[PDB]
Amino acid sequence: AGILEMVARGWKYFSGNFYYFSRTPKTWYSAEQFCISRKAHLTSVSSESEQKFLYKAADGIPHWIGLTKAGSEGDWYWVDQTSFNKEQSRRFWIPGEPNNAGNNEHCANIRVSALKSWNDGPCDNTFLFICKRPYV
């Protein structure tokens, strides 16, 4: 269905995508499994515009997003398979991040309500999360 139908089912809408901001917290993988069941994936962030929408909408509560490493010693990528713009990302990480604390932080969340808000954390940490699916 369309914008009205999705918005009237609880989805947010912004720049050609719908977003589901979860009620309850999950691990990164359990979140992604839930998003898949809603025909979605944990959100990518493919513009500063989208970053601004998302950090504002997350209300200062940490939220898992769809950035994860390709294995525990791998490079970051978006689980929805859109291209990961490394250089753009420096504008979105909290100062000092990603810092791979304990060598065990392989997923990312929007930690605070700021443009510089991404932190890497243990994927088994439980947070609210953001699903994204395209407006088609």
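For every residue, the number given is its place in the sequence shown, counted from 1.
Novice: When the C-alpha temperature factors are averaged for each of 126-134 and 2-10, which stretch ends up with the higher value in the entry?
Specialist: Taking the mean B-factor of the alpha carbons in each, 2-10 is higher.
Novice: Look over 82-90 and 49-57 in the entry and identify the one with the greater average Cα temperature factor.
Specialist: Mean CA B-factor is higher for 82-90.
Novice: Using the B-factor values recorded in the entry, state whether the Cα atom of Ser15 falls in the lowest, middle or highest third among the modelled residues of its chain.
Specialist: For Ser15, whose C-alpha B-factor we compare with every modelled residue in the chain, the answer is the highest third.
Novice: Of the three thirds of its chain by CA temperature factor, lowest, middle or highest, which one includes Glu73?
Specialist: Ranked within chain, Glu73 CA B lands in the middle tercile.
Novice: Please place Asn104 in the lowest, middle or highest third of its chain according to the CA B-factor in the PDB entry.
Specialist: It falls in the middle third of the chain.
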